[PDB]
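See structure below.
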Amino acid sequence: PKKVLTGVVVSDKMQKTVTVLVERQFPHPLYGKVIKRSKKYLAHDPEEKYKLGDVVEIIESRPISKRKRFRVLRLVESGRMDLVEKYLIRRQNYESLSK
Amino acid sequence: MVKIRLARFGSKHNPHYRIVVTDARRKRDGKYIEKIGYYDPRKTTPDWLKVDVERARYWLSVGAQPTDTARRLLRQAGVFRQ
Amino acid sequence: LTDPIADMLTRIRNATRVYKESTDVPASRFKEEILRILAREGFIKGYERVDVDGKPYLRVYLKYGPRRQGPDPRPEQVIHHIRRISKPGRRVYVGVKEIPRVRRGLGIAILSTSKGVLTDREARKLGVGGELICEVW
Amino acid sequence: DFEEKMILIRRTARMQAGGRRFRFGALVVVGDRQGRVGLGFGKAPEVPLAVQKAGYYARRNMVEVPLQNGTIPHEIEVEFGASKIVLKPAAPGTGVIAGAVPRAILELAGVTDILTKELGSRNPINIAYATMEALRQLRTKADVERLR
Amino acid sequence: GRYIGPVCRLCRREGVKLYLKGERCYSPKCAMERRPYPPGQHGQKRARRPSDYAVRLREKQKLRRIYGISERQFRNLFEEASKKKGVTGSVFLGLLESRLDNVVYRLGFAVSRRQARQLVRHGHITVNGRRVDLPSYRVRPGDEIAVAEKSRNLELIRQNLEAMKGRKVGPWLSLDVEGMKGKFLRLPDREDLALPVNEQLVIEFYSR
Amino acid sequence: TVXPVXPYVX
Amino acid sequence: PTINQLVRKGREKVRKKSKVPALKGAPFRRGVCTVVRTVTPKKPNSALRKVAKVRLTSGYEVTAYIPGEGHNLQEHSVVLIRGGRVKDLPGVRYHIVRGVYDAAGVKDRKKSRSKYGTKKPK
RNA sequence: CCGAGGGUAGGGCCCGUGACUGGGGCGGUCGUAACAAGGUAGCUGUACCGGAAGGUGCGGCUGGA
RNA sequence: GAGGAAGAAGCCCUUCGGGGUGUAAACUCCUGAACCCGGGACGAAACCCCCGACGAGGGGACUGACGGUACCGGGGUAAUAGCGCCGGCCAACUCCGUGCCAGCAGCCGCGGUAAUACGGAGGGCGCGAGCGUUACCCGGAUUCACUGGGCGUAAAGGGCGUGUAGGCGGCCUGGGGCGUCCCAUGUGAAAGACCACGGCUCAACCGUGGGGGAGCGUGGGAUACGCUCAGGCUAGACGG
RNA sequence: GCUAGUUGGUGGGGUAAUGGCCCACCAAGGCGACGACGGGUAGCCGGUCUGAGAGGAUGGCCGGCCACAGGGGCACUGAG
Ligand code: SF4
Ligand SMILES: [Mg+2]
Ligand SMILES: [Mg+2]
Ligand SMILES: [Mg+2]
Ligand SMILES: [Mg+2]
Ligand SMILES: [Mg+2]
Ligand SMILES: [Mg+2]
Ligand SMILES: [Mg+2]
Ligand SMILES: [Mg+2]
Ligand SMILES: [Mg+2]
Ligand SMILES: [Mg+2]
Ligand SMILES: [Mg+2]
Ligand SMILES: [Mg+2]
Ligand SMILES: [Mg+2]
Ligand SMILES: [Mg+2]
Ligand SMILES: [Mg+2]
Ligand SMILES: [Mg+2]
Ligand SMILES: [Mg+2]
Ligand SMILES: [Mg+2]
Ligand SMILES: [Mg+2]
Ligand SMILES: [Mg+2]
Ligand SMILES: [Mg+2]
Ligand SMILES: [Mg+2]
Ligand SMILES: [Mg+2]
Ligand SMILES: [Mg+2]
Ligand SMILES: [Mg+2]
Ligand SMILES: [Mg+2]
Ligand SMILES: [Mg+2]
Ligand SMILES: [Mg+2]
Ligand SMILES: [Mg+2]
Ligand SMILES: [Mg+2]
Ligand SMILES: [Mg+2]
Ligand SMILES: [Mg+2]
Ligand SMILES: [Mg+2]
Ligand SMILES: [Mg+2]
Ligand SMILES: [Mg+2]
Ligand SMILES: [Mg+2]
Ligand SMILES: [Mg+2]
Ligand SMILES: [Mg+2]
Ligand SMILES: [Mg+2]
Ligand SMILES: [Mg+2]
Ligand SMILES: [Mg+2]
Ligand SMILES: [Mg+2]
Ligand SMILES: [Mg+2]
Ligand SMILES: [Mg+2]
Ligand SMILES: [Mg+2]
Ligand SMILES: [Mg+2]
Ligand SMILES: [Mg+2]
Ligand SMILES: [Mg+2]
Ligand SMILES: [Mg+2]
Ligand SMILES: [Mg+2]
Ligand SMILES: [Mg+2]
Ligand SMILES: [Mg+2]
Ligand SMILES: [Mg+2]
Ligand SMILES: [Mg+2]
Ligand SMILES: [Mg+2]
Ligand SMILES: [Mg+2]
Ligand SMILES: [Mg+2]
Ligand SMILES: [Mg+2]
Ligand SMILES: [Mg+2]
Ligand SMILES: [Mg+2]
Ligand SMILES: [Mg+2]
Ligand SMILES: [Mg+2]
Ligand SMILES: [Mg+2]
Ligand SMILES: [Mg+2]
Ligand SMILES: [Mg+2]
Ligand SMILES: [Mg+2]
Ligand SMILES: [Mg+2]
Ligand SMILES: [Mg+2]
Ligand SMILES: [Mg+2]
Ligand SMILES: [Mg+2]
Ligand SMILES: [Mg+2]
Ligand SMILES: [Mg+2]
Ligand SMILES: [Mg+2]
Ligand SMILES: [Mg+2]
Ligand SMILES: [Mg+2]
Ligand SMILES: [Mg+2]
């Protein structure tokens, strides 16, 4: 089936497009322990109806552009600015890690 | 087109084919679609021919073509005898 | 307090080695469920649902072997060995095919399942797997 | 009765104003091949004397070892500090898969199909003691149930 | 291939009588009956205590030497027993007993397994009618180890048959004499034989 | 690699 | 280290330094001798170990050992070398293989002829 | 229009090599710093000094009295 | 291959009586790899011709490089043995030569006149159309430690705090079912591996059959623990 | 720390077809310690070798897919 992923919107700075930060879990293939990785998909918002902090289901789709191959399938949970701050901060934390 | 052919296995001086369906253009012992029988043409045993006649009739119906010496063996254990 | 379970098991373990008649440990439904198995397998006499300054604990009544003659009297233990397998660090989760026989039979390996906190013999039997809580012998 | 095996014999030395004055140590296991076994470390101003003495102590200290047709009832792993011996049970198809110390103790214990391993320091004297107290800690479902 | 060369010396190395020769073996002209001591310049010398290695070495050697077989086939057989279902020490002994050049021996068609080989190889023997000339054939239970009926007219086979009128063969064998043929009824049991091989030892050896 | 008078060159 | 530590940093797989790098892969190599001499070895030995400085076909130049009694090797000898060092001759990390190229086997050698490139007598 | 590549000019990383120079590892000359309160307890960070070990100052440690 | 001496010669050792090679050999018979003669393949029944109908089915003919090879039948000669090792690990011990020389060497190390360690000899051990060596991989190495290690003094606690991300996190009850567990279903090609049966005289090799896993897709179920959402508590924590 | 067809947009060209694949314009994005960018090195897998297993090592031959045809670029013909 067409893959359906759930993540937050982390950027609405783009035209008819949003960024969806999707966590996922799994066990370590040698150390057992469960771990989270994550992945930013660029989603088609053909009617700029999605905002920041908006948890959304995005489904796989025929290509819309370079690196945009998923549309927002349904609003799931709106206003999670708490999960954004998470990302914004980690990202911003980088400024310190240069030389 | 698609075919019913003799994929050779076995050893040197040990022909043990596999009457098989594949695309005309594989390497002869290359990756086929389906196996539909064996055929030890040396007959060193009881059952040296084994055609799943059910399947041999399907492939024929969709469009498959057969080696002239495949029907030699498809006919021999009768696929066509109405 | 980070893992109550290994705590409990440790109170148990720390208790047996000094031969405390019983040992006190705070309470969860989950800890009774465990202790339930320990008793129903004869690792402990048993346990009561008691109270120190109005706080829900469990008194656990400890079992040992007989006195012994020689230079060291101390009774061999009932619980020789108990330790945590699954942990908040590394979660251990066995499916049924992969549930581990213990001590070639002699001990158990409690675990936790979609159909209750079973033993290992008991789970293979009932047909499920889950979170390898610990092991006792 | 009891068959012996010399398993380690070694010279040592103690210094004194005239030079090295030696002494010998003999480590000996003894049993029947049906279930009694003992180990004795014996030391004297002489080899065959000290061998004699160990054998006296070996027999003067023995162990249950519950069998089960040539093998043990359950796995067991015992550290005697630094030295850790592993005991695993095996079918009659196998053999006495051990180093020359664990083997020799377990042949007289009349074990005959067991898997072992010598992790840790493999000082013989200590691996020796570790295999004993390993056997010494074996139990059958019978006493396992008898405890509960 | 097979060893060849001085064979009294094997036994006297081995500290034990093996029946590698034939007639002489039972005679008191056997050198072992006279010199039950290791061959070469150091024979009568107050030997030094064996090593566990030596111990398992020698036990293996005798067991192969007994059958006069290549170190490689012996090992080849042995690993297969270990793969095969059930007791390895026995299944081994069984598997190397099922070897055609050895069957011809128990059945007494010849004196030594050495002599036996040559029979099978030359075609003088067969199995289930059809001639078979390989000393390695897995004699699989239900089988007719006849003489090549067209080589029955010979001074040696009759002769060893002459000497086999009523000795009780293996419990797993059925020597119908005169007709010059036996039958491999069932592969041997462990206790079903007592050669001087502590089979548990050949196992511990190959597990080094 | 080469040398004094050797046609060998190494 | 914790399980987390291990997830974060993994364990470090440890590599082996080859002791015959001049060999540049190969089982053996062909060389020509640039020097040929005797060398006295380290304590507690005392000898005149006979060696050879050798220009490999890799451009590399190593010094090799010459094993046995007497040898026919000299400046410009075409030579073949296997690895393996000599304990007391430090720097010498390779062995000259007798009976190959201008390396003679050893005359009058009966035992171990293989290791000395000597043909069997009659 | 783009375009293999050619040319020009300026940069970045790598390799090899270089008069000469710095220590580093392996196999007589000067003293005797360390090992015993080692003949000024020893070590230490730092600083200055001295053929060389090392000495001295300041503070620290005991693995010292 | 069966037999063949209280046991040749030569060689080795020795206390000078002997001891060893050694049933080994020479000899006795018996078989009969090579070669010699004869015969001699399956691998090839279809395309094609005929009757039927150019189909079903029936009938007949040509075609073999390997190759006059395999194999079968008769005849039939005693018919290659070599390499490593014998201080310890490690199975196998003596003399002579040599004298820190010459040389050995994987590590410990051996050799400075009595060397089981160097060279040869005898003998022994081990393998055998092979035996050794070099190169490289995994092994032993629980010496990168998930299974399955550690840090007072052996290598190893950051000089000390504060806190970001991250990891981890009390007791009770509800919702969800993401992790986790179970069943069904698809996929997990063939070869291989495995177990049984068979094929070439065995086997290597080779055929047929069986058994499947993990892992992913789909559907169903479970709800203890982990998660998440909601409500509650006071034993952690903070505060008066 | 990297990025100017860079990341998104609307239009169009191209194809058997989606797409910054290509062009014009407009918007200011896109990626990055869960390792971007850069440097080394390698065709990947079925398998193979080792190992009690976990793990390590490896991809010759047979099968499967990619890639290349002296070094490069190009398009024609064509179901391809
Ligand atoms: S037993 Fe007699 S004949 Fe058989 S081998 Fe030993 S010595 Fe030779
Ligand atoms: Mg678009
Ligand atoms: Mg004591
Ligand atoms: Mg310890
Ligand atoms: Mg050691
Ligand atoms: Mg040590
Ligand atoms: Mg008991
Ligand atoms: Mg004949
Ligand atoms: Mg092994
Ligand atoms: Mg010297
Ligand atoms: Mg020396
Ligand atoms: Mg020359
Ligand atoms: Mg030349
Ligand atoms: Mg240009
Ligand atoms: Mg340019
Ligand atoms: Mg040009
Ligand atoms: Mg430079
Ligand atoms: Mg001084
Ligand atoms: Mg001083
Ligand atoms: Mg002083
Ligand atoms: Mg001092
Ligand atoms: Mg100072
Ligand atoms: Mg001066
Ligand atoms: Mg001064
Ligand atoms: Mg001071
Ligand atoms: Mg120190
Ligand atoms: Mg005599
Ligand atoms: Mg004589
Ligand atoms: Mg004599
Ligand atoms: Mg003879
Ligand atoms: Mg034909
Ligand atoms: Mg007609
Ligand atoms: Mg002919
Ligand atoms: Mg051929
Ligand atoms: Mg013939
Ligand atoms: Mg002869
Ligand atoms: Mg060897
Ligand atoms: Mg030895
Ligand atoms: Mg000399
Ligand atoms: Mg040598
Ligand atoms: Mg001397
Ligand atoms: Mg000498
Ligand atoms: Mg040597
Ligand atoms: Mg010598
Ligand atoms: Mg061979
Ligand atoms: Mg290694
Ligand atoms: Mg490892
Ligand atoms: Mg290390
Ligand atoms: Mg290392
Ligand atoms: Mg660990
Ligand atoms: Mg350690
Ligand atoms: Mg360091
Ligand atoms: Mg330290
Ligand atoms: Mg500190
Ligand atoms: Mg936090
Ligand atoms: Mg959390
Ligand atoms: Mg909790
Ligand atoms: Mg689920
Ligand atoms: Mg498959
Ligand atoms: Mg067969
Ligand atoms: Mg199959
Ligand atoms: Mg709450
Ligand atoms: Mg567009
Ligand atoms: Mg468009
Ligand atoms: Mg682009
Ligand atoms: Mg543009
Ligand atoms: Mg703009
Ligand atoms: Mg990521
Ligand atoms: Mg490159
Ligand atoms: Mg490449
Ligand atoms: Mg291991
Ligand atoms: Mg390939
Ligand atoms: Mg190209
Ligand atoms: Mg070319
Ligand atoms: Mg080109
Ligand atoms: Mg070109
Ligand atoms: Mg064409």
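Each residue's number is its place along the chain shown, starting with 1.
Looks like X-ray crystallography, 2.8 Å, at least that's what the header says.
Any Cβ shown, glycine's included, is placed from N, Cα and C.
Annotation source Swiss-Prot lists Zn(2+) binding site at E:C8, E:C11, E:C25, E:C30. Under the heading domain 'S4 RNA-binding', Swiss-Prot lists E:98-160.
Everything Swiss-Prot records as a feature, shown here on the structure.
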{"residue": "E:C8", "record": "Zn(2+) binding site", "Cβ neighbours (10 Å)": "17"}
{"residue": "E:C11", "record": "Zn(2+) binding site", "Cβ neighbours (10 Å)": "23"}
{"residue": "E:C25", "record": "Zn(2+) binding site", "Cβ neighbours (10 Å)": "18"}
{"residue": "E:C30", "record": "Zn(2+) binding site", "Cβ neighbours (10 Å)": "18"}
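Other than the site residues E:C8, E:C11, E:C25, E:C30, same-chain residues with C-beta atoms no more than 8 angstroms from the centre of those residues' C-beta atoms, the Zn(2+) site, are E:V7, E:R12, E:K17, E:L18, E:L20, E:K21, E:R24, E:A31, E:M32, E:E33.
Residue counts of the domain 'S4 RNA-binding' (E:98-160) by helix, strand and coil are 24 helix, 8 strand, 31 coil (DSSP-based). With a cut-off of 6 Å between Cβ and the nearest atom of ligand 32, the binding-site residues E:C8, E:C11, E:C25, E:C30 reduce to an empty set.
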